[PDB]
Amino acid sequence: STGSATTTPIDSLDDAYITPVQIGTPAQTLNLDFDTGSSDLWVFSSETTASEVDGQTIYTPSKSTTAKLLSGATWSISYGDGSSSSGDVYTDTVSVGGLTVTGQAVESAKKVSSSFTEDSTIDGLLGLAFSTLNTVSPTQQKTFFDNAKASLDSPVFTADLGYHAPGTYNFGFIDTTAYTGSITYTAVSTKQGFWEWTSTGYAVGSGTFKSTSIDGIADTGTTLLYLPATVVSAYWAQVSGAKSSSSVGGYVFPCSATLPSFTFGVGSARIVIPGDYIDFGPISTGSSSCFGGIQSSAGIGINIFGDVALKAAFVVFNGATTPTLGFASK
C-alpha cells in the first residue's frame, strides 16, 4: 500500500504545516501537524476542557462506530517549546492520503496548554519519530507509520514541505519526480528516539564550506533551524545590523535586509536554504525588526533541522530495519 497527502502552511510564515487525517467511521477529518520529532497521535476532542477549545475541529469518539476506549490508558506530553497536553486513549481507524491503519491509538486530549488553544488551525499532532518516545501509559503505543510499515510497498515516508506553498507527505514510495539530482542517504541514530543524524558542515552565502560534524534531528514539527552558537553567529555576522536580542529571544535583523543563503552538508552533498526562507517577519506587527529563521541551539541540548532546513529538500525517512535519512535538492 501507499498514501499521499498534501500538507499546507498554517499561515504566511510557514510556522507549521497541517495535513488532513481521517479518523473513525464515518470519517472525522482533522488537520494534524505531522511531527517527526515526537511519537504521539493526539487530537482535540469532545473530551477537551471546553475553555481550552477555540476554533479547532474535534474528534468525537462516541460518533465513531470503530472507536474503542483503550482501558486504563493515559498520555501526557511536553514539547521542546514548553507546550503540553494530556488525556485518555481510543483505538480507531486512521487514514492519511488513502493509507489506512486499523486499531491506531488516537490520544484524546482532556487538557491542552494555551499555545494549542490559541492556534485554531492545528487540531492535533501526528507523531512520526520512533515509537520508543510514545507517552501512553501503562502500555506504550505505536505511531501511525510503525503500524502501517509492514503493509507499505517500501518502509519509508517522505516529507516535501513547501516554501510559502503546500507540499506533500508520501507513505510507502519515493516520488522520483519530486526532486532533482540524487538522494544522498546518511546514517541515523535512534538512541534518543529521534531521526538523529550528522551533517557534514555548512556554508554562509557564497562563502567557503566549513567541514564540521553537526549532530541534530530532522524535525518537521519545529519551525526553525537550531544550530550551535558558533554556526549561528557566523551566519548573522553577514547581515548588517543583525544581533541576538535577549528580550526578543533570539537573533533579529532589520526587515530591510537581504538575507544570505545557508548551506548544510549531507555526506558529500549540499542542501541550499535560500535567504528568503530564513525571514520570519516582524517581531510584532508593524515593527522593522524581523525574527531570524536560524537560531542558537545552545539552550536546547540538541541541534534541530526544523522546517527552515527541511523545506529546502526532499527528505526520505527510511524506516528499514536499520533506519536512514535521505536528502535531495528540489
# chains A, B, ... in the order shown; residues from 1 in each chain; ligands from 1
$ select_by_dssp --residues "region 17-238 of chain A" --states "strand (DSSP E or B)" --output "ChimeraX atom specification"
/A:17-23,28-35,41-43,45,59,68-78,84-96,99-112,124-127,137,156-160,167-171,184-187,189,196-204,210-218,225-227
$ atom_distance --atom1 "CA of residue 324 (chain A)" --atom2 "CA of residue 134 (chain A)"
20.2 Å
$ closest_residue --among "A:125, A:148, A:269, A:21" --to "residue 109 (chain A)" --atoms "only C-alpha atoms"
A:125
$ residues_around --residues "residue 275 (chain A)" --least-positions-apart "4" --cutoff "9 Å" --atoms "only C-alpha atoms" --output "list in words"
residues 205, 258, 259, 260, 261, 262 and 279 of chain A
$ write_last_selection --atoms "N, CA, C and O atoms" --output "short mmCIF file (atom, residue, chain, number, x, y, z; two decimals), in the first residue's frame"
data_model
loop_
_atom_site.label_atom_id
_atom_site.label_comp_id
_atom_site.auth_asym_id
_atom_site.auth_seq_id
_atom_site.Cartn_x
_atom_site.Cartn_y
_atom_site.Cartn_z
N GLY A 205 26.02 31.95 2.68
CA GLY A 205 26.02 32.62 1.40
C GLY A 205 26.97 31.94 0.43
O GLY A 205 26.99 30.71 0.30
N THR A 258 18.58 42.01 2.92
CA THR A 258 18.53 40.84 2.06
C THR A 258 19.37 39.75 2.71
O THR A 258 20.57 39.95 2.93
N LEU A 259 18.75 38.61 3.02
CA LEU A 259 19.46 37.57 3.77
C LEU A 259 20.27 36.68 2.85
O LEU A 259 19.81 36.31 1.76
N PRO A 260 21.46 36.27 3.28
CA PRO A 260 22.22 35.27 2.53
C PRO A 260 21.62 33.88 2.70
O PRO A 260 20.91 33.57 3.65
N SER A 261 21.94 33.00 1.74
CA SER A 261 21.57 31.61 1.87
C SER A 261 22.40 30.94 2.97
O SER A 261 23.40 31.48 3.46
N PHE A 262 21.98 29.73 3.33
CA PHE A 262 22.70 28.89 4.27
C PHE A 262 22.73 27.48 3.68
O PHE A 262 21.67 26.94 3.35
N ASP A 279 13.64 34.35 6.75
CA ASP A 279 12.93 35.54 7.20
C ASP A 279 11.60 35.13 7.84
O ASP A 279 10.71 34.60 7.15
#
$ decode --residues "region 65-93 of chain A" --atoms "N, CA and C atoms" --output "compact mmCIF listing (two decimals), in the first residue's frame"
# COMPACT_ATOMS: atom_id res chain seq x y z
N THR A 65 -18.19 4.46 14.99
CA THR A 65 -18.59 3.09 15.29
C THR A 65 -17.40 2.16 15.45
N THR A 66 -16.20 2.59 15.06
CA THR A 66 -14.99 1.80 15.19
C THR A 66 -14.13 2.23 16.37
N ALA A 67 -14.50 3.27 17.10
CA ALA A 67 -13.71 3.69 18.24
C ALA A 67 -13.90 2.75 19.41
N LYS A 68 -12.82 2.48 20.13
CA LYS A 68 -12.86 1.68 21.34
C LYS A 68 -11.96 2.33 22.38
N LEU A 69 -12.49 2.56 23.58
CA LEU A 69 -11.66 3.10 24.64
C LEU A 69 -10.56 2.09 24.95
N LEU A 70 -9.33 2.56 25.03
CA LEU A 70 -8.20 1.72 25.44
C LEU A 70 -8.16 1.80 26.95
N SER A 71 -8.68 0.76 27.60
CA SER A 71 -9.00 0.83 29.01
C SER A 71 -7.75 1.07 29.85
N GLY A 72 -7.82 2.09 30.71
CA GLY A 72 -6.77 2.40 31.64
C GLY A 72 -5.64 3.22 31.08
N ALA A 73 -5.65 3.51 29.79
CA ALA A 73 -4.52 4.17 29.14
C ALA A 73 -4.65 5.68 29.25
N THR A 74 -3.55 6.34 29.61
CA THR A 74 -3.48 7.79 29.63
C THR A 74 -2.21 8.21 28.93
N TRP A 75 -2.14 9.50 28.61
CA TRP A 75 -0.96 10.05 27.97
C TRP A 75 -0.76 11.47 28.47
N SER A 76 0.48 11.93 28.39
CA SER A 76 0.84 13.27 28.82
C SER A 76 2.16 13.62 28.17
N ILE A 77 2.22 14.76 27.50
CA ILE A 77 3.40 15.10 26.72
C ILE A 77 3.75 16.56 26.96
N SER A 78 5.05 16.84 26.95
CA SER A 78 5.57 18.20 26.99
C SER A 78 6.56 18.34 25.85
N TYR A 79 6.42 19.40 25.07
CA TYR A 79 7.24 19.61 23.89
C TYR A 79 8.36 20.60 24.18
N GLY A 80 9.35 20.61 23.29
CA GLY A 80 10.53 21.44 23.47
C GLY A 80 10.25 22.92 23.59
N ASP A 81 9.09 23.37 23.10
CA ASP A 81 8.71 24.77 23.18
C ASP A 81 7.95 25.11 24.46
N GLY A 82 7.81 24.16 25.38
CA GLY A 82 7.13 24.40 26.63
C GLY A 82 5.64 24.09 26.61
N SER A 83 5.08 23.74 25.46
CA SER A 83 3.67 23.39 25.39
C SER A 83 3.47 21.95 25.86
N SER A 84 2.21 21.59 26.11
CA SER A 84 1.90 20.29 26.68
C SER A 84 0.43 19.96 26.45
N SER A 85 0.11 18.69 26.64
CA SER A 85 -1.26 18.20 26.52
C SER A 85 -1.34 16.82 27.18
N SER A 86 -2.56 16.38 27.52
CA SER A 86 -2.74 15.09 28.17
C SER A 86 -4.18 14.61 28.01
N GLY A 87 -4.39 13.31 28.21
CA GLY A 87 -5.75 12.79 28.16
C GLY A 87 -5.80 11.29 28.24
N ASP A 88 -6.83 10.73 27.59
CA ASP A 88 -7.05 9.29 27.52
C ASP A 88 -6.89 8.81 26.08
N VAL A 89 -7.20 7.54 25.82
CA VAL A 89 -6.79 6.93 24.56
C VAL A 89 -7.90 6.05 24.03
N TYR A 90 -8.14 6.16 22.73
CA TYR A 90 -9.01 5.28 21.99
C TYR A 90 -8.18 4.57 20.94
N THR A 91 -8.65 3.43 20.48
CA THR A 91 -8.18 2.93 19.20
C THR A 91 -9.27 3.17 18.16
N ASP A 92 -8.85 3.46 16.94
CA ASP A 92 -9.80 3.74 15.87
C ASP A 92 -9.06 3.59 14.55
N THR A 93 -9.83 3.65 13.48
CA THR A 93 -9.29 3.61 12.13
C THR A 93 -8.82 5.00 11.74
